[PDB]
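Same order as they appear, the protein sequences are chains A, B, C, D, E and F.
Note that PDB author numbering has the first sequence beginning at 1, numbered continuously upward.
Note that PDB author numbering has the second sequence beginning at 1, numbered continuously upward.
Note that PDB author numbering has the third sequence beginning at 1, numbered continuously upward.
Note that PDB author numbering has the fourth sequence beginning at 1, numbered continuously upward.
Note that PDB author numbering has the fifth sequence beginning at 1, numbered continuously upward.
Note that PDB author numbering has the sixth sequence beginning at 1, numbered continuously upward.
There are 6 protein chains.
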Amino acid sequence: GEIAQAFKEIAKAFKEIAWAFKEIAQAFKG
Amino acid sequence: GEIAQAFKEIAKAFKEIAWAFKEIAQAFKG
Amino acid sequence: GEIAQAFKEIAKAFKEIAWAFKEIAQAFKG
Amino acid sequence: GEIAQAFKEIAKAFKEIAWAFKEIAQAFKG
Amino acid sequence: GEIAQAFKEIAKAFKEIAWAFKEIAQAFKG
Amino acid sequence: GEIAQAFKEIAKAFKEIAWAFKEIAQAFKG
Numbered sequence: 001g002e003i004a005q006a007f008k009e010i011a012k013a014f015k016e017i018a019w020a021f022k023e024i025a026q027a028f029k030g
Numbered sequence: 001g002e003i004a005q006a007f008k009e010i011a012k013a014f015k016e017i018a019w020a021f022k023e024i025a026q027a028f029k030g
Numbered sequence: 001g002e003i004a005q006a007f008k009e010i011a012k013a014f015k016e017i018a019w020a021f022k023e024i025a026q027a028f029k030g
Numbered sequence: 001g002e003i004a005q006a007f008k009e010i011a012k013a014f015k016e017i018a019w020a021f022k023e024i025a026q027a028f029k030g
Numbered sequence: 001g002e003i004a005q006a007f008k009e010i011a012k013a014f015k016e017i018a019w020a021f022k023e024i025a026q027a028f029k030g
Numbered sequence: 001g002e003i004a005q006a007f008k009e010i011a012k013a014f015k016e017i018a019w020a021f022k023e024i025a026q027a028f029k030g
C-alpha cells in the first residue's frame, strides 16, 4: 500500500534525523 | 485516495528534513 | 472526512518545517 | 486519532527547534 | 497499539528537545 | 509488525537525544 510505504520512508527519515541530532550534540559537548 | 496522497506528501517533506539535518550536522564537522 | 483533513494539515505543517530547515542549512554556509 | 495528534505535536516541536536553530546560526554571524 | 504508543513517546521527547533548543538560543542571545 | 518495531527504536533514540540536549542546555548557564 502507498500508506505503508510512506510510513517506511518516514521511519527511515526519523532515524537519519536522530543520527544528525546525536552528531550535533557531540559537537556541542566536545 | 486523498489520505494516501497526504501521506506521500508527509513522506516527501520528511526526506527533505532529513537531508537538511545531515547538511547541518556536516557543517558542525567543518 | 476529518481523518483525511487531519493528515492534509500535517502535510502542510511538515512542508513548512522542510522550508525552515532548508533555510537553516543555507545559513550555516555563511 | 492518536497518531495524527502525535504528528501535530511533533510538528509544533520541530517548528520551535527550527526557530532556535535560526537564532543560533544568526548569532554565529553577528 | 504499539505504533500509537511509540508515536506518543516520540512526541514527548520532541517537546523536551524543543525546550532545550529554546534555552540554547537564549544563551546565544545573552 | 516490523513498522511498529522501527518506531519503537525511534522512540528510544529520541529519548536519548532529549537527555543529551538537557545536559547541553544546562551547560550553557554555567
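Where a beta carbon is used, it is the ideal one built from N, C-alpha and C, also for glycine.
The alpha-carbon separation between residue 17/F and residue 12/A amounts to approximately 17 angstroms. Within chain F, the residues whose beta carbon sits less than 8 angstroms from that of residue 25/A are 17, 20, 21 and 24, listed in sequence order. Here residue 10/C really is in contact with residue 8/D; their C-beta atoms are around 6 angstroms apart, less than 8 angstroms. With respect to residue 2/B, residue 4/C sits close: the two C-beta atoms are nearer than 8 angstroms.
Distance from the CA of residue 21/B to the CA of residue 30/D, rounded to the nearest whole angstrom, comes to 23 angstroms. If you check the CB distance, residue 27/B and residue 14/C do not come in under 8 angstroms. Between the C-alpha atoms of residue 19/F and residue 19/E there is a straight-line separation of about 12 angstroms.
The beta carbon of residue 1/C sits no closer than 8 angstroms to any beta carbon of chain D. For residue 28/B, the secondary structure class from DSSP, reduced to helix, strand or coil, is coil.
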